[PDB]
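Novice: Structure provided below as C-alpha coordinates; questions to follow.
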Amino acid sequence: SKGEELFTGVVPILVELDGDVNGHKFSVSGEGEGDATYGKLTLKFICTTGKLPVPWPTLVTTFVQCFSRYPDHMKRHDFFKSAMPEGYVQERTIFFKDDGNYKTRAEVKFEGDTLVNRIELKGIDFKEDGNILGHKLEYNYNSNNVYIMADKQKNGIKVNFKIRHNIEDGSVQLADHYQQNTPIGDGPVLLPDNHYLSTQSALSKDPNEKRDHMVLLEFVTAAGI
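Right, dumping it as C-alpha coordinates:
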(Lines of atoms letter the chains of each structure in order from A and count residues from 1; the text may use other names and numbers.)
(Lines give C-alpha, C1' and ligand atoms only; values in the text may rest on other atoms or scores of the structure.)
Protein backbone atom coordinates (compact mmCIF):
# COMPACT_ATOMS: atom_id res chain seq x y z
CA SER A 1 0.00 0.00 0.00
CA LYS A 2 1.10 3.64 -0.03
CA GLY A 3 0.66 3.37 3.76
CA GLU A 4 3.19 0.54 4.05
CA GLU A 5 6.04 2.92 3.17
CA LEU A 6 5.44 4.86 6.40
CA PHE A 7 6.57 1.82 8.40
CA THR A 8 9.94 0.83 6.88
CA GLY A 9 11.90 2.44 9.70
CA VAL A 10 11.56 3.16 13.43
CA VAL A 11 8.38 5.16 14.14
CA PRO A 12 7.62 7.03 17.41
CA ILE A 13 4.40 6.00 19.15
CA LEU A 14 2.12 7.88 21.57
CA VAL A 15 -0.81 6.29 23.42
CA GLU A 16 -3.40 8.33 25.32
CA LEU A 17 -6.31 6.69 27.19
CA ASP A 18 -9.15 8.07 29.25
CA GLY A 19 -11.04 5.39 31.22
CA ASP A 20 -13.98 4.89 33.56
CA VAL A 21 -14.39 1.43 35.09
CA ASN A 22 -17.35 1.15 37.52
CA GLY A 23 -17.03 4.94 38.13
CA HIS A 24 -13.25 4.77 38.78
CA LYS A 25 -11.88 7.50 36.42
CA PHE A 26 -8.29 7.33 35.25
CA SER A 27 -5.90 8.39 32.48
CA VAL A 28 -2.81 6.77 31.00
CA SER A 29 -0.07 8.22 28.78
CA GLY A 30 2.33 5.95 26.88
CA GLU A 31 5.39 6.59 24.74
CA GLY A 32 7.83 4.48 22.76
CA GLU A 33 8.57 3.28 19.25
CA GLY A 34 7.70 0.61 16.69
CA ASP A 35 9.71 -1.17 13.99
CA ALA A 36 7.20 -3.10 11.80
CA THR A 37 10.06 -4.64 9.77
CA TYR A 38 10.66 -6.89 12.81
CA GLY A 39 7.09 -6.78 14.19
CA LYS A 40 8.51 -4.99 17.21
CA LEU A 41 7.11 -2.56 19.81
CA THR A 42 8.69 -1.02 22.94
CA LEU A 43 6.53 1.26 25.16
CA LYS A 44 6.34 2.71 28.68
CA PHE A 45 2.89 3.62 30.13
CA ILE A 46 2.24 5.91 33.11
CA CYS A 47 -1.02 6.34 35.00
CA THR A 48 -1.22 10.13 35.29
CA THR A 49 -4.13 10.21 37.71
CA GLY A 50 -2.47 8.17 40.48
CA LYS A 51 -2.94 4.42 41.09
CA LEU A 52 -4.40 2.48 38.19
CA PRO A 53 -7.80 1.03 39.36
CA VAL A 54 -7.51 -2.10 37.20
CA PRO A 55 -4.51 -4.51 36.63
CA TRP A 56 -2.07 -3.33 33.95
CA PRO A 57 -2.23 -6.63 32.00
CA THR A 58 -5.97 -6.10 31.33
CA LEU A 59 -5.16 -2.94 29.24
CA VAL A 60 -2.34 -4.36 27.01
CA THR A 61 -4.61 -5.22 24.08
CA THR A 62 -6.29 -1.74 24.26
CA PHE A 63 -2.94 0.09 24.28
CA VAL A 64 -1.39 -0.44 17.15
CA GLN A 65 -1.52 -3.52 14.92
CA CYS A 66 -0.05 -1.54 12.06
CA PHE A 67 3.30 -2.54 13.68
CA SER A 68 2.73 -6.26 12.93
CA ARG A 69 5.19 -7.89 10.54
CA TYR A 70 3.33 -9.03 7.42
CA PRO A 71 5.50 -11.47 5.39
CA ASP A 72 6.07 -10.30 1.83
CA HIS A 73 3.73 -12.96 0.46
CA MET A 74 0.90 -11.69 2.75
CA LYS A 75 1.34 -7.93 2.11
CA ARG A 76 -1.92 -7.72 0.14
CA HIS A 77 -3.70 -8.61 3.40
CA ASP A 78 -2.36 -5.78 5.64
CA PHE A 79 -5.39 -3.62 6.31
CA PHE A 80 -3.80 -1.69 9.16
CA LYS A 81 -0.90 -0.01 7.25
CA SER A 82 -3.07 0.55 4.17
CA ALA A 83 -5.39 2.90 6.16
CA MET A 84 -2.47 5.20 6.98
CA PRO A 85 -1.72 8.01 7.37
CA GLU A 86 -5.41 9.00 7.71
CA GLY A 87 -5.90 6.12 10.16
CA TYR A 88 -8.60 3.80 11.39
CA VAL A 89 -11.25 3.57 14.14
CA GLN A 90 -10.79 0.44 16.36
CA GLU A 91 -13.73 -0.62 18.50
CA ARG A 92 -13.81 -3.51 20.99
CA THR A 93 -15.92 -5.27 23.57
CA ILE A 94 -13.81 -7.33 26.02
CA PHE A 95 -15.83 -9.76 28.14
CA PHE A 96 -14.14 -10.85 31.40
CA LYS A 97 -15.54 -14.30 32.31
CA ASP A 98 -17.68 -14.18 35.51
CA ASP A 99 -17.05 -10.40 35.68
CA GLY A 100 -17.56 -7.09 33.78
CA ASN A 101 -16.72 -5.82 30.32
CA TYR A 102 -14.68 -3.09 28.73
CA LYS A 103 -15.94 -1.19 25.66
CA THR A 104 -13.27 0.77 23.81
CA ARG A 105 -13.29 3.23 20.95
CA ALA A 106 -9.89 4.27 19.59
CA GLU A 107 -8.55 6.25 16.64
CA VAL A 108 -5.10 5.26 15.35
CA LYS A 109 -3.48 7.74 12.90
CA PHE A 110 -0.34 9.77 12.24
CA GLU A 111 0.17 13.18 13.83
CA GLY A 112 3.18 14.36 11.81
CA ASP A 113 5.74 11.55 11.93
CA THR A 114 4.26 10.06 15.15
CA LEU A 115 1.76 7.14 15.23
CA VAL A 116 -0.92 8.01 17.80
CA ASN A 117 -3.47 5.72 19.52
CA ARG A 118 -6.21 7.78 21.28
CA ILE A 119 -8.64 5.67 23.34
CA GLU A 120 -11.84 6.11 25.30
CA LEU A 121 -12.56 3.09 27.58
CA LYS A 122 -15.77 2.36 29.52
CA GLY A 123 -15.97 -0.61 31.90
CA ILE A 124 -19.22 -1.71 33.62
CA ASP A 125 -20.62 -4.65 35.58
CA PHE A 126 -17.38 -5.43 37.47
CA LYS A 127 -17.38 -7.16 40.84
CA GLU A 128 -15.85 -4.87 43.48
CA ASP A 129 -13.77 -7.83 44.80
CA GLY A 130 -13.44 -9.84 41.53
CA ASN A 131 -10.03 -10.38 39.90
CA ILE A 132 -10.02 -7.00 38.11
CA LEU A 133 -11.17 -4.47 40.77
CA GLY A 134 -9.63 -6.66 43.49
CA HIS A 135 -6.19 -6.63 41.74
CA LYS A 136 -5.77 -10.45 41.79
CA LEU A 137 -3.95 -10.77 38.42
CA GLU A 138 -0.25 -11.58 38.04
CA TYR A 139 2.00 -8.98 36.37
CA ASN A 140 2.81 -10.99 33.22
CA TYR A 141 1.54 -11.81 29.67
CA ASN A 142 1.53 -14.73 27.17
CA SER A 143 1.63 -15.59 23.45
CA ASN A 144 -1.72 -15.38 21.57
CA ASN A 145 -3.37 -15.89 18.15
CA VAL A 146 -5.51 -12.96 16.84
CA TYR A 147 -7.99 -14.02 14.13
CA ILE A 148 -8.76 -11.56 11.31
CA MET A 149 -11.38 -11.46 8.57
CA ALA A 150 -12.74 -8.86 6.13
CA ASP A 151 -15.86 -6.70 6.76
CA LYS A 152 -16.58 -5.20 3.32
CA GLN A 153 -19.87 -3.42 4.28
CA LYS A 154 -17.70 -1.15 6.43
CA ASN A 155 -14.60 -1.21 4.14
CA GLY A 156 -12.88 -2.80 7.13
CA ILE A 157 -12.11 -5.89 9.22
CA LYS A 158 -13.54 -7.95 12.11
CA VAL A 159 -11.21 -9.56 14.66
CA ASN A 160 -11.69 -12.02 17.54
CA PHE A 161 -9.45 -13.81 20.05
CA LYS A 162 -9.12 -15.00 23.65
CA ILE A 163 -6.69 -13.67 26.31
CA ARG A 164 -6.10 -15.72 29.50
CA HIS A 165 -4.73 -13.62 32.37
CA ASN A 166 -3.05 -15.51 35.25
CA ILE A 167 -4.71 -15.18 38.66
CA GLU A 168 -2.45 -15.09 41.77
CA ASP A 169 -3.93 -18.40 42.96
CA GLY A 170 -2.70 -20.15 39.79
CA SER A 171 -6.06 -20.10 37.93
CA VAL A 172 -6.91 -18.08 34.78
CA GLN A 173 -9.14 -15.10 34.02
CA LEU A 174 -10.51 -15.34 30.45
CA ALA A 175 -10.99 -12.09 28.47
CA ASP A 176 -13.00 -12.70 25.21
CA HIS A 177 -12.21 -10.01 22.59
CA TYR A 178 -14.51 -8.87 19.77
CA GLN A 179 -13.14 -6.11 17.53
CA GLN A 180 -14.04 -4.07 14.44
CA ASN A 181 -11.80 -1.61 12.50
CA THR A 182 -12.92 0.97 9.88
CA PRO A 183 -10.78 3.44 7.88
CA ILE A 184 -10.96 7.18 8.52
CA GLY A 185 -9.70 8.36 5.15
CA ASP A 186 -10.96 8.23 1.60
CA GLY A 187 -8.11 6.23 0.12
CA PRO A 188 -8.54 2.55 -0.69
CA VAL A 189 -7.61 0.00 1.94
CA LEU A 190 -6.53 -3.67 1.76
CA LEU A 191 -9.37 -6.07 2.55
CA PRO A 192 -7.79 -9.35 3.68
CA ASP A 193 -8.34 -13.05 3.35
CA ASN A 194 -8.79 -14.85 6.69
CA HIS A 195 -5.52 -15.08 8.61
CA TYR A 196 -4.12 -14.56 12.11
CA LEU A 197 -1.50 -12.60 14.03
CA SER A 198 0.91 -14.54 16.27
CA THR A 199 1.84 -12.39 19.25
CA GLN A 200 4.20 -12.41 22.17
CA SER A 201 4.63 -9.81 24.92
CA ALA A 202 6.76 -9.28 28.04
CA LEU A 203 5.92 -6.90 30.91
CA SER A 204 8.49 -5.25 33.19
CA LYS A 205 9.04 -2.33 35.54
CA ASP A 206 11.39 0.64 35.51
CA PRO A 207 13.35 0.34 38.76
CA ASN A 208 13.66 4.14 39.05
CA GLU A 209 10.01 4.95 38.30
CA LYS A 210 7.81 5.64 41.37
CA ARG A 211 4.58 6.39 39.47
CA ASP A 212 2.24 3.50 38.63
CA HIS A 213 3.51 2.27 35.25
CA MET A 214 4.08 -0.61 32.79
CA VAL A 215 7.00 -1.32 30.41
CA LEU A 216 6.00 -3.48 27.39
CA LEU A 217 8.13 -5.35 24.78
CA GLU A 218 5.99 -7.01 22.03
CA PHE A 219 6.64 -8.92 18.78
CA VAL A 220 3.82 -9.76 16.30
CA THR A 221 3.92 -11.65 13.00
CA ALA A 222 1.07 -12.31 10.51
CA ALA A 223 0.56 -15.97 9.58
CA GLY A 224 -1.88 -18.70 8.49
CA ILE A 225 -1.38 -18.28 4.75
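Numbered by UniProt numbering, the letters in the sequence shown go through residues 2 to 64, 68 to 229 in order. We put the beta carbon where it would ideally sit given N, CA and C, even for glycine.
Quick check on the burial criterion: 16 or more other C-beta atoms within 10 angstroms. Buried or exposed for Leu178?
Specialist: In the sequence shown, counting from the first residue as 1, residue 178 sits at position 174. With fewer than 16 Cβ atoms within 10 Å of its Cβ, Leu178 is classed as exposed.
Novice: Are there 16 or more other CB atoms within 10 angstroms of the CB of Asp173, so buried, or fewer, so exposed?
Specialist: Start at 1 with the first residue of the sequence shown, and residue 173 comes out as number 169. Exposed.
Novice: Return the chain-ordered ranges of every beta strand (DSSP E) run that is complete within the segment 175–222 and spans a minimum of 3 residues.
Specialist: For the segment 175–222, whole beta strand (DSSP E) runs of length 3 or above, ordered along the chain, are 176–187, 199–208.
Novice: On the CB-based measure, 16 or more other CB atoms within 10 Å of its CB, does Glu222 come out buried or exposed?
Specialist: Mapped onto the sequence shown, residue 222 falls at position 218. The residue is buried, with at least 16 neighbouring Cβ atoms inside 10 Å.
Novice: So, under 8 Å CB-CB, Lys140 and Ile171 are touching, yes? Tell me the CB distance rounded to an integer number of Å.
Specialist: On the sequence shown, position 136 is the one that residue 140 refers to. On the sequence shown, position 167 is the one that residue 171 refers to. Between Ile171 and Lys140 the Cβ distance is about 6 Å, and since that is below 8 Å, they are a contact.
Novice: Under the three-state reduction of DSSP, which class applies to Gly4: helix, strand or coil?
Specialist: For this step, residue 4 is matched to residue 3 along the sequence shown. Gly4: helix per DSSP, three-state reduction.
Novice: Excluding the 5 residues flanking residue 254 on each side, which residues of the same chain have their C-beta closer than 6 Å to its C-beta?
Specialist: Nothing in the structure corresponds to residue 254, since the chain is present only between 2 and 229.
Novice: Would you give the residue range spanned by the beta strand (DSSP E) that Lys107 belongs to?
Specialist: Residue numbering aside, residue 107 sits at position 103 when the sequence shown is read from its first letter. Note, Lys107: beta strand (DSSP E), 105–115.
Novice: Within a Cβ cutoff of 7 Å, which residues of the same chain sit near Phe100, ignoring the five residues on either side of it in sequence?
Specialist: To locate residue 100, count along the sequence shown from 1; it is residue 96. Excluding positions up to five away in sequence, the list reads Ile136, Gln177, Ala179.
Novice: Tell me where the alpha helix (DSSP H) around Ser86 begins and ends.
Specialist: Locating residue 86 in the sequence shown gives position 82, where the first residue counts as 1. From DSSP, the alpha helix (DSSP H) with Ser86 extends over 83–86.
Novice: If I measure Cβ to Cβ from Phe130 and keep anything under 7 Å in the same chain, skipping five residues before and after, which residues do I get?
Specialist: As a working mapping, residue 130 is identified with position 126 in the sequence shown. Only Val22, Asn23, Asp103, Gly104, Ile136, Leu137 meet the Cβ criterion.
Novice: For a test of the three-state rule: what should DSSP assign to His139, helix, strand or coil?
Specialist: On the sequence shown, residue 139 is found 135 positions in, with the first residue counted as 1. In the structure shown, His139 sits in coil (DSSP, three-state: anything other than H, G, I, E or B).
Novice: From what residue to what residue does the beta strand (DSSP E) around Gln94 run?
Specialist: Within the sequence shown, the letter at position 90 stands for residue 94. Counting along the chain, the beta strand (DSSP E) containing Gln94 begins and ends at 92–100.
Novice: At a cut of 8 Å, does the segment 149–159 reach the segment 46–58 through at least three beta carbon pairs?
Specialist: The answer is no - the segment 46–58 does not touch the segment 149–159, with fewer than three Cβ pairs under 8 Å.
Novice: Note down the Cα distance separating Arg122 from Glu17, rounded to an integer number of angstroms.
Specialist: By 1-based counting over the sequence shown, the position of residue 122 is 118. By 1-based counting over the sequence shown, the position of residue 17 is 16. Those two C-alpha atoms are separated by around 5 Å.
Novice: Which term fits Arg96, buried or exposed, when burial requires 16 or more other beta carbons within 10 angstroms of its beta carbon?
Specialist: Position 92 of the sequence shown, counted from the start, is the residue given in the question as residue 96. Buried: at least 16 other Cβ atoms inside 10 Å.
Novice: Can you grab the Cα-Cα spacing for the pair residue 233 / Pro89, in whole Å?
Specialist: Because the chain spans 2 through 229 in this model, residue 233 falls outside it and cannot be assessed.
Novice: Taking the alpha-carbon positions, what's the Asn185 to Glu213 distance?
Specialist: Numbered from 1 along the sequence shown, position 181 holds the residue referred to as residue 185. Numbered from 1 along the sequence shown, position 209 holds the residue referred to as residue 213. Cα to Cα, the separation comes out at about 34 Å.
Novice: How far does the beta strand (DSSP E) with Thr43 in it extend, from its first residue to its last?
Specialist: In the sequence shown, residue 43 corresponds to position 42, counting from 1. Start and end: 41–48.
Novice: Using the beta-carbon count (16 or more within 10 Å), is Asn144 buried or exposed?
Specialist: To locate residue 144, count along the sequence shown from 1; it is residue 140. Flag for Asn144 reads exposed.
Novice: Is the distance from the Cβ of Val193 to the Cβ of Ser86 below 7 Å?
Specialist: Residue mapping note: residue 193 aligns to position 189 of the sequence shown, counting from 1. Residue mapping note: residue 86 aligns to position 82 of the sequence shown, counting from 1. Yes.
Novice: Check each candidate in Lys52, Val120, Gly40, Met78 and name the one with the smallest Cα separation from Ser205.
Specialist: Numbered from its first residue, the sequence shown carries residue 205 at position 201. Checked all of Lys52, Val120, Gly40, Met78; the closest Cα to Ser205 is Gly40.
Novice: Which residue wins for smallest C-alpha separation from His81, given the options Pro211, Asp155, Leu207?
Specialist: Taking the sequence shown and counting its residues from 1, the one referred to as residue 81 is at position 77. Among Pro211, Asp155, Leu207, the Cα nearest to that of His81 belongs to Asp155.
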